[PDB]
Amino acid sequence: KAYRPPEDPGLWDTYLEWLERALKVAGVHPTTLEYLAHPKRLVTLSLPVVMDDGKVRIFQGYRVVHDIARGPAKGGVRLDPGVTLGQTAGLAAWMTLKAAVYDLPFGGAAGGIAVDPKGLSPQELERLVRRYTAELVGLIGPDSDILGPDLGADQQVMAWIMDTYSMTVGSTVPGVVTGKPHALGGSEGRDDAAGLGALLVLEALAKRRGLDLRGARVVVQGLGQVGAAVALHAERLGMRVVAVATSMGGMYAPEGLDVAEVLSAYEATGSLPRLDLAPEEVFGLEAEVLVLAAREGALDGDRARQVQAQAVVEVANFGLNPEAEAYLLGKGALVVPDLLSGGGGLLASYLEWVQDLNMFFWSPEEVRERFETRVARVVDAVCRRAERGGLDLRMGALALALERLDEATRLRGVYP
Amino acid sequence: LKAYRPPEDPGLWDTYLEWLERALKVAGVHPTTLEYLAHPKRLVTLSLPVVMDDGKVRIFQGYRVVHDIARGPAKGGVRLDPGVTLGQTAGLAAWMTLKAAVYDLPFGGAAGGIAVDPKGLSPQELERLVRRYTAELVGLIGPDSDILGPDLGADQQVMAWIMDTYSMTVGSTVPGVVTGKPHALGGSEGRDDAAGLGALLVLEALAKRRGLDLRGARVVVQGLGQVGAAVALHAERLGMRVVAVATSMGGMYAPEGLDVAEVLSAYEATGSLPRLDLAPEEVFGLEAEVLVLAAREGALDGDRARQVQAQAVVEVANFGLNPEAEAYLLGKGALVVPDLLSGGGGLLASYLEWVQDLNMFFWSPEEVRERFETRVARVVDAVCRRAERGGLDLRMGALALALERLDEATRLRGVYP
Amino acid sequence: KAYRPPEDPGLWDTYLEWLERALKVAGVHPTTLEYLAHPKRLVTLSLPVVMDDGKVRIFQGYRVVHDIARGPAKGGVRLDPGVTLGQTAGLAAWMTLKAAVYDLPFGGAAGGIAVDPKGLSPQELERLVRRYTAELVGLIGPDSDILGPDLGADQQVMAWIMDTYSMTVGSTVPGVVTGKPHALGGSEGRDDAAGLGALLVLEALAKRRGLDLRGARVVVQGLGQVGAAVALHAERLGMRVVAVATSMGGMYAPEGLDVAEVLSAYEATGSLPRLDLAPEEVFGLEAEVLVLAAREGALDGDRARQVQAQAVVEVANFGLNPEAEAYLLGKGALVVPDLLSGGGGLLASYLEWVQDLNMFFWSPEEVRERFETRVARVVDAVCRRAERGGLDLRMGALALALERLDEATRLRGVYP
Amino acid sequence: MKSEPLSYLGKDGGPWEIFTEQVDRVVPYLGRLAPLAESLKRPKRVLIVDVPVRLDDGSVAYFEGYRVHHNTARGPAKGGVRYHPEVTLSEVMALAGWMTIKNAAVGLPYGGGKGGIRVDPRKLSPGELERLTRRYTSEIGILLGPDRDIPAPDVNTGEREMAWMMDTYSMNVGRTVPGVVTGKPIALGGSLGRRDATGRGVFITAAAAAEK
Amino acid sequence: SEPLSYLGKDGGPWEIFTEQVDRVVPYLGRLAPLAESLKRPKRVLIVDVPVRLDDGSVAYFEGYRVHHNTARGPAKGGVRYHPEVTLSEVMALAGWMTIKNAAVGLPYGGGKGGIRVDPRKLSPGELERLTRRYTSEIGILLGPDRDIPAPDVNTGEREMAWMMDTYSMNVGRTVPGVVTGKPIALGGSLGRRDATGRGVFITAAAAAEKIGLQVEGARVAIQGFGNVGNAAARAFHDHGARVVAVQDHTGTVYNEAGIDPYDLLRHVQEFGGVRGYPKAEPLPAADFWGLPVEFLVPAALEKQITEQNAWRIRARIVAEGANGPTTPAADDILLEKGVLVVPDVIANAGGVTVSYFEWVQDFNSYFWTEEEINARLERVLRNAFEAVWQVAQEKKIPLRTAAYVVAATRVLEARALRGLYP
Ligand SMILES: CC(C)C[C@H](N)C(=O)O
Ligand SMILES: CC(C)C[C@H](N)C(=O)O
Ligand SMILES: CC(C)C[C@H](N)C(=O)O
Ligand SMILES: CC(C)C[C@H](N)C(=O)O
């Protein structure tokens, strides 16, 4: 029935597991299921770079387009030692679903290069990124495959993608990549969208189910752009951020941290002002809200037994695995899945693309407002669907995505 | 040596790597060239959906690998076979880089394939599959980027569908995107009976060179497709005794010589030889002067090589002869003709098809023959020349020749982007 | 009447001046005239290059396309600190004429970069050359404007042009540039054709005026690719090469020189073995043949008085001043013009391009034939047009070239 | 110099004549623009294409298809596609003419275009109907584009056919181009508000008159 | 699958083409089901061509470009400027190019264009603006690998130059091979003026061999002394055959001792025709047909050989220089008398063979000498005749029918191999 990655199937197999469960609760045509279970195109590149010492080293990278039923392929780029074909495939498929949950006219895609970005000089990294985008010029574009940011790939990387592509093609093409700097056709909203989204989603779901949020305690797992934003917004909306954690451990304040102060220190020193918690203890604190805002696999089945939170908010893709979700659901926890919370990065990227395509840029105010309207709509649709089939949030989102994918796929049909 | 690692089925690639590294020791290859040689430019895996006869979609898996294009646009055959993997396609694409280089052609190396049993689909399913494979590749192929060609399970009819699908997508008659076409479509003459004709041309030159005669030499042809049939056929007209032919089912043996007309006729009509004398693996051990490997890869391994009695072994199929079996046969004194040399007929013929399609001007059967023969001879003499220059066997002289032409092209063009 | 170059009008004015003289002897319609007196376009490029020390330096480059009536633009690339827009125009216009003389399906073009190539690292030069061709890709191509070798730009430069064009455009396109290495679709061989061609022309002209080439003495001014080749072939053709010369002075031997041995010492050290002569004493030597193979303006009116050659062969474009030519023709010398004796490299390039397009290459001996019979054909045509008009060689060539340019231009008409 | 009526219709006298007559009745009111009127009586482009289709029974049927660009001055050609056994060239020309008019009357930045296939869709299987739409879409490919010509539904076509056209084109071109046709399903870049537009429009213009 | 509704019931020349396709089906074998495809032009593009006239007013002209069939390569065929140019006509003519292109073995499908204009009513400037606008309008069809126009009725070197320039400027590249019939200066071919006449000889000579007929000392009768006629004449003369009779629209001259074509030509150039040629005797127009000769070359109007004259023809071989010089009734009569008719489709295909050579040379602007041209000309026409002869014997049918069979077979084989897609 399904594509089998030869390297590293974890994320892909997780996608297949959710897909198989969702099939039982949505109307899906066989032919749709076929497409959803075999990615369109998986491509592996060899990337020559002339190193600082003048010797040529070859890096390995990937771009996978999973499924384009709903529109052009959209997907991030990872610069990380752990990148593999199987991971990129899994992430591409997750993207098809995410985008479909968000009612976005995007197919799913993902890319990456096996490299430690810190281990290269900026010149070597810029060269590596340019060779990547050069080798992809004929397969990407503002209506083929739109790239964006992901692990180890910041706004400066996006700048280099955009530039390389634009110089190659002889035209200025902002819409080839998202997550760009403001100076280069990026959007105000925002590259702190992941975090705000997570919270707009959360607040919307608590309003619906009588959960009181002003003065609720939040633990945030992870402190990159995503976690920082989660923490800042959670505080703005009147919650107590009692903990933030990195991979070295966590900081704890039963009264709630001074978020901006803690983040000032983290940016300035590259460390939390103090470390109350071991990395293990983070999940086991007494709180209302636990936020998974770091990396895949963060919360497994064993660790789920630690969790004391009423709400668990998956923001990182695959932050909690199926086994932890079943357990936490069995305990009466509200589990907010990645497909919903933190589709915020993707929605912003979309609003970036729309703006780039007709070269007219909304105010920070106007972006915010279109951004909020759309997350409130996505939460509504997912809940309406969950309720009609009496399913949990993830399943509702899944069934929604699948129904939408099935429409685009059956209407378009098989061709060539 | 740091090289690309295929995740699945790395056998053919690994062999290529072995040979690269041996040849590295005897040819001047700069480090950058070596890096390019050890990592394919691009490996593409495709999901190929197809509406089957029943109306159900089934998805197939296909591959397109461009290894290295220093010396010109990529050239690469297309395989339709149940054992097609990314690993083996990688290995074949790199082999193309070297082969092209040995034959001095302005081509880089590519290969493609789909993991399919062609005899198991209907004519319409097969056609739809080949078209989809081509449409998926349109932006990545073409007469000056990646030029497709035939291989296992891929007919002149398949080449036609490739030419047609491309041409209809791109909105122009473009015969030069694929080779091995029907004569009617921009194909060249009669060849491909070229693989076999070439094999024998190489043998004949190598013999007139080391003062042997083939008048009445006994030949064992392992394989009877396009390639083997022509070998058998051409061996017979040069007055050799073809004592056995062998398919994947077994072999027919006549110590006095087979009527190659009779055996081919039966096989073409029925898929069997008139009689089965030997199980397929017994055919290598036969008392003959010449052994021709004209089937698939890995036909003659290390131990079965201990059985060979033949003095000359001609490897026509890519990797027909394992490296462990080449060492042994060299030890024992046998003449071993490598694929890079004797498996180069199809590629040369394809190049001549391509050249004609560039200006849509077609030479006569005899002009094609003449130009084919002189290039084979130039290539045989060039390989022999580089071999005796450095005291090498044929394989190694061939590899040396290829590496230095690849190195020259790589160094001149440089790294860009 | 007439484009005015903003600076360095010299070579354009000379071209203009010859055109004015040839109009009185040739059927040319006003429209043709207008076209020939105004280059189609003149491109000045800024060429950013990240230098070895990491700081950015901008160079200035040019591409001029003169007239395109007979076919796509063909023309060289100079890398020389003397390169200007005015110089480039003049040369682009000269190509137009020289191609028409050789009856080639080319229009004329030229280009340069203002740089001393010897003062850059090979790395820096690669970047400069690559930026030049990248900036140009939308204005060049195999049926558009075909580039080629010229001052300070050899086979390795042409390779980088080629590689740069092909990588950008995304397919392999040997036809965008000529004078490539054999490995990349150049040959066969030469590089050595400009000198060969020069001698072939002198041969057929000597045979026609009754003149000893049998053991006659030759002086070659200039020892770059062209002069080295002239000298080399002059010796093997059984001429006695009494002198060679560079921008440093001249090596002299009255019974002949060992030429291979001299180019060996020159290629080794960058200087001649012995210096018997001052850089201007070379012209006045006792020999039957003076060959001009260095640079434009090599022989002035004054220096021509000292010449006792009976044959003066102008190989370098504009090697021989208008005024030196008039005097030598008055004395009765055979004066062979650049337009005729300087087309070897152009012819070889044409032949090279034909094969590239076809992607099929002739044997060394097939090239030779085709080359040789073409030189003979154009020598014949220049003389036939000379004879009928009662003209010297230059004027004959000029009127023949003008007539072909007139024919192509009036047939095509004005459009858009 | 006189511009003779179109030779390719026959000395009759049908839907194209009714359109040119409408052009004629308008010429007294055109002022300095009058001499240009002739151009309105001239389609820019008429493409007649053969649309072959493998039927379910495995045989090949051949259908007549048309794509006409009447006028292209205000913008790209816009007009639907009709599938009807009694469709003629001259009918499609006329309709393409009326689209030039209708588009200008509301000031949309469009020229006018129309297409037609001479076929009874009732008589085709859904599978054959699809291969018909795909082949037609390939054949008029050289015309198509969001900045060139944008087809749409008409008699016997709708969402389904527009979905196939959009798909065929996008696959043929290697990118997703929703705007190559209109009247698509919402799932493919359709618009909200398609069902009530014309009725509401009737009201809006009636009210605008009441206002006056 | 019903007949083309945009012709109405008013078939005419297209039905003539269509009937000829019908007549060939019996010979198609397993290709016969595909025969219908030949009755359908791939595409028809009708364009408005607006021209700013010298007085400043705008005139509008209907133009046509028809791609009849594309199985064997890009469309190829000339463009005609005639006030009676109709859609039906261009279509029929595109059809005949598919046939002719295949019979001779060129890698081309069939095409044709026309503008409905009387070029005589237009100034050189207007004809230019007409030409350039037509070629911009059909620009979406043109290209060296898509469609290659050529001269036809009232067009020539002058218009082709204009088409090439326009296409080249429009596209920003110089592309000599987008059209043929260009002047040499712009990338035309040597050998064009005599190609058709020469080819009549080449085909007649190939026919001659099949029947043991010596060319040397053979007597030749030729009708028409234009480009084809006199080219055939010289080609016959320079191989040792005697021209004994030429017929013109001005009269008929006859001389059993031979007429020297180069001398007849000076007289025809001087006086407009053959009448009163000093070195021959006048001959009654009807007696021309019944002359005892080995070779007869009708190279003028169509239908010159009819019911009314066929029975008197003593020639062993008729080689058609003109299009359709002989009627079906005459076909049947000459078939009964045992005279070989070399049909026009191959017999006069020299013109179009040289056009193809021009196009080959244009790919890399590398030009053949005249002797190379004629050498390859021979190769193509001898091969085409040999294949027509082969099928006539196999199928027991006349050369004319064999030629269409070869053509239609080659087209349909290419369609069958490529298959139906999309
Ligand atoms: C779902 C769509 C993108 C289907 C597409 N036309 C295909 O057959 O691949
Ligand atoms: C074709 C290759 C050898 C060279 C090319 N500049 C590259 O970096 O890939
Ligand atoms: C001289 C040619 C290039 C003519 C071209 N049509 C022009 O006007 O420029
Ligand atoms: C070129 C043609 C003979 C074939 C093409 N695939 C078609 O369906 O029209």
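Start at 1 and go down the list; that is how both ligands and their atoms are numbered. Here is how names work: the chains are called A, B, and so on, in the same order as the sequence lines, proteins then strands, and each is numbered from 1.
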I'd like to check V64(C) versus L42(C) (side-chain heavy atoms, cut-off strictly below 4.5 Å). Are they in contact? yes
Checking heavy-atom distances from atom 6 (N) of ligand 3 to each of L186(E), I68(C), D165(E), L405(C), the winner is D165(E)
Rounded distance [0.5 Å steps], CD1 in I69(B) versus CG in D144(B): 11.0 Å
Basic-acidic side-chain contact under 4.0 Å: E135(A), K41(B): yes
Which atoms of ligand 4 have any heavy atom of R415(E) under 4.0 Å away? 3 (C)
Which residue and heavy atom of the protein sit nearest atom 4 (C) of ligand 2, plus the separation: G414(B) O, 3.4 Å
Does an N or O from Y36(B), backbone or side chain, lie closer than 3.5 Å to an N or O of ligand 2? yes
Do the non-hydrogen side-chain atoms of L106(E) and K76(E) ever get within less than 4.5 Å of each other? no
For ligand 4, which atoms have a heavy atom of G419(E) less than 4.0 angstrom away? 4 (C), 5 (C), 6 (N), 8 (O)
Looking only at N/O atoms, are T410(B) and ligand 2 under 3.5 Å apart anywhere? no
With only distance considered, is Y421(E) within less than 3.5 Å of ligand 4 through an N or O on each side? yes
Under 4.0 Å from any heavy atom of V414(C), which atoms of ligand 3 are there? 8 (O)
Can you measure from NE2 (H68(E)) to NZ (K39(E)) and round to the nearest 0.5 angstrom? 11.0 Å
Among all protein heavy atoms, pick out the one at the shortest distance from atom 9 (O) of ligand 2; state its residue, atom name and that distance to 0.1 Å. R131(A) NH2, 2.9 Å
Taking atom types as modelled, find out whether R173(E) and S144(C) have a side-chain donor-acceptor pair closer than 3.5 angstrom. no
To the nearest 0.5 Å, what is the distance between CZ (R57(A)) and CE (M51(A))? 7.0 Å
Passes side chain to side chain contact (heavy atoms under 4.5 Å, CB included), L139(A) versus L140(B)? Steps please. CA-CA 9 Å; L139(A) 307 63; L140(B) 257 21; 3.8 Å; yes
Non-hydrogen side-chain atoms of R70(C) and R404(C) separated by less than 4.5 Å: yes
For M167(C), the ligand 2 atoms whose distance to one of its heavy atoms is below 4.0 Å: 5 (C), 6 (N), 7 (C), 9 (O)
Are side-chain heavy atoms of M96(B) and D68(B) found at a separation under 4.5 Å? no
May I ask you to identify, for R72(E), whether its side chain, its backbone, both or neither come under 4.0 Å of ligand 4 on a heavy-atom basis? neither
Distance-only polar pair, side chains of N170(E) and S136(E), donor-acceptor under 3.5 Å: yes
Within a distance under 4.0 Å of any heavy atom of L420(E), pick out the atoms of ligand 4 and give their elements. 8 (O)
Check ligand 4 against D164(B) and write out every atom of the ligand that is under 4.0 Å from a heavy-atom position of the residue. 4 (C), 5 (C), 6 (N)
In terms of atom number and element, which parts of ligand 4 are under 4.0 angstrom from non-hydrogen atoms of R135(D)? 7 (C), 8 (O), 9 (O)
Looking only at N/O atoms, are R418(E) and ligand 4 under 3.5 Å apart anywhere? no
What atoms of ligand 2 come within less than 4.0 Å of a heavy atom belonging to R413(B)? 1 (C)
If the cut-off is 4.0 Å to any non-hydrogen atom of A70(B), which atoms of ligand 2 fall inside it? 1 (C), 3 (C)
Does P48(A) have a non-hydrogen atom less than 4.0 Å from ligand 2? no
Roughly how far, to the nearest 0.5 Å, is CD1 of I58(A) from CG of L34(B)? 10.5 Å
Nearest heavy atom to atom 3 (C) of ligand 4: which of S37(E), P52(D), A71(E) does it belong to? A71(E)
From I140(D) CD1 over to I48(D) CD1, what is the distance, rounded to the nearest 0.5 angstrom? 13.5 Å
Using a 4.0 Å cutoff against the non-hydrogen atoms of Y415(C), which atoms of ligand 3 qualify? 5 (C), 6 (N), 7 (C), 8 (O), 9 (O)
Part of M169(E) with heavy atoms under 4.0 Å of ligand 3, whether side chain, backbone, both or neither: side chain
Quick one: are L55(D) and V60(D) in side-chain contact, heavy atoms under 4.5 Å? no
I need the atoms of ligand 4 closer than 4.0 Å to a non-hydrogen atom of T70(E), numbered in the order shown. 1 (C)
Below a 4.0 angstrom heavy-atom separation, can you tell me which part of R130(C), side chain or backbone, both or neither, approaches ligand 2? neither
